[PDB]
Amino acid sequence: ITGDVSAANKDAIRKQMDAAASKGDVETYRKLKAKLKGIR
């Protein structure tokens with residue numbers, strides 16, 4: 001089912017963020033984080 005509302009989406013984004021976050025490429029992490037902080 002394509003019902004991956006923020007519940008699922010958030011999770012996915014989280015992984016990508018965590019990786020690029022504490023991995024050196026914090027650039028993408030920061031950006032993503034911001035958006036996630038506004039995800040209505």
# chains A, B, ... in the order shown; residues from 1 in each chain; ligands from 1
>>> residues_around(residues="residue 31 of chain A", least_positions_apart="4", cutoff="12 Å", atoms="only C-alpha atoms", output="list in words")
residues 13, 16, 17, 20, 21, 25, 26, 27, 35, 36, 37 and 38 of chain A
>>> write_last_selection(atoms="N, CA, C and O atoms", output="tab-separated table (two decimals), in the first residue's frame")
chain	number	residue	atom	x	y	z
A	13	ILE	N	13.61	8.88	5.59
A	13	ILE	CA	14.46	10.10	5.69
A	13	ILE	C	15.41	9.97	6.89
A	13	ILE	O	16.59	10.25	6.79
A	16	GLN	N	18.62	7.78	6.01
A	16	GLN	CA	19.50	8.62	5.14
A	16	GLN	C	20.16	9.71	5.98
A	16	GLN	O	21.36	9.89	5.95
A	17	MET	N	19.38	10.45	6.72
A	17	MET	CA	19.96	11.54	7.56
A	17	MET	C	21.01	10.96	8.52
A	17	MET	O	22.17	11.31	8.47
A	20	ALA	N	24.31	10.06	6.50
A	20	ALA	CA	25.04	11.29	6.10
A	20	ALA	C	25.26	12.20	7.31
A	20	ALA	O	26.04	13.13	7.27
A	21	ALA	N	24.58	11.94	8.40
A	21	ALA	CA	24.76	12.80	9.61
A	21	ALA	C	26.09	12.48	10.30
A	21	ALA	O	27.05	13.20	10.16
A	25	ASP	N	29.46	13.45	5.78
A	25	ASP	CA	28.64	14.25	4.83
A	25	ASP	C	27.46	14.87	5.57
A	25	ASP	O	26.31	14.66	5.23
A	26	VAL	N	27.73	15.63	6.59
A	26	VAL	CA	26.64	16.26	7.38
A	26	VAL	C	25.89	17.28	6.51
A	26	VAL	O	24.78	17.67	6.82
A	27	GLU	N	26.48	17.72	5.44
A	27	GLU	CA	25.80	18.71	4.56
A	27	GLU	C	24.36	18.26	4.32
A	27	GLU	O	23.42	18.86	4.81
A	35	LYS	N	14.14	20.53	6.95
A	35	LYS	CA	12.83	20.13	6.37
A	35	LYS	C	12.07	19.24	7.36
A	35	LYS	O	10.98	19.56	7.78
A	36	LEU	N	12.65	18.13	7.74
A	36	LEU	CA	11.97	17.23	8.70
A	36	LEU	C	11.41	18.03	9.88
A	36	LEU	O	10.38	17.70	10.43
A	37	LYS	N	12.08	19.08	10.26
A	37	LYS	CA	11.60	19.91	11.40
A	37	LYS	C	10.39	20.74	10.97
A	37	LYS	O	9.74	21.37	11.78
A	38	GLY	N	10.08	20.75	9.70
A	38	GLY	CA	8.91	21.55	9.22
A	38	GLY	C	7.88	20.61	8.60
A	38	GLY	O	6.77	21.00	8.30
>>> atom_distance(atom1="atom CA of residue 34 of chain A", atom2="atom CA of residue 1 of chain A")
27.8 Å
>>> residues_around(residues="residue 40 of chain A", least_positions_apart="5", cutoff="12 Å", atoms="only C-alpha atoms", output="list in words")
residues 5, 6, 7, 10 and 35 of chain A
>>> write_last_selection(atoms="N, CA and C atoms", output="PDB file, in the first residue's frame")
ATOM      1  N   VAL A   5       2.510   7.571   4.925  1.00  0.00           N
ATOM      2  CA  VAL A   5       2.454   8.971   5.434  1.00  0.00           C
ATOM      3  C   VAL A   5       3.725   9.286   6.227  1.00  0.00           C
ATOM      4  N   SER A   6       3.866  10.503   6.695  1.00  0.00           N
ATOM      5  CA  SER A   6       5.085  10.887   7.476  1.00  0.00           C
ATOM      6  C   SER A   6       5.585   9.701   8.306  1.00  0.00           C
ATOM      7  N   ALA A   7       4.687   8.924   8.844  1.00  0.00           N
ATOM      8  CA  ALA A   7       5.110   7.747   9.647  1.00  0.00           C
ATOM      9  C   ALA A   7       6.212   6.990   8.903  1.00  0.00           C
ATOM     10  N   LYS A  10       9.019   9.676   7.241  1.00  0.00           N
ATOM     11  CA  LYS A  10       9.959  10.112   8.311  1.00  0.00           C
ATOM     12  C   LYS A  10      11.023   9.035   8.533  1.00  0.00           C
ATOM     13  N   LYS A  35      14.140  20.528   6.947  1.00  0.00           N
ATOM     14  CA  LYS A  35      12.829  20.129   6.368  1.00  0.00           C
ATOM     15  C   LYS A  35      12.072  19.243   7.359  1.00  0.00           C
TER      16      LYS A  35
END
>>> select_by_dssp(residues="chain A", states="helix (DSSP H, G or I)", output="PyMOL selection string")
chain A and resi 6-21+26-38
>>> atom_distance(atom1="atom CA of residue 23 of chain A", atom2="atom CA of residue 11 of chain A")
18.1 Å
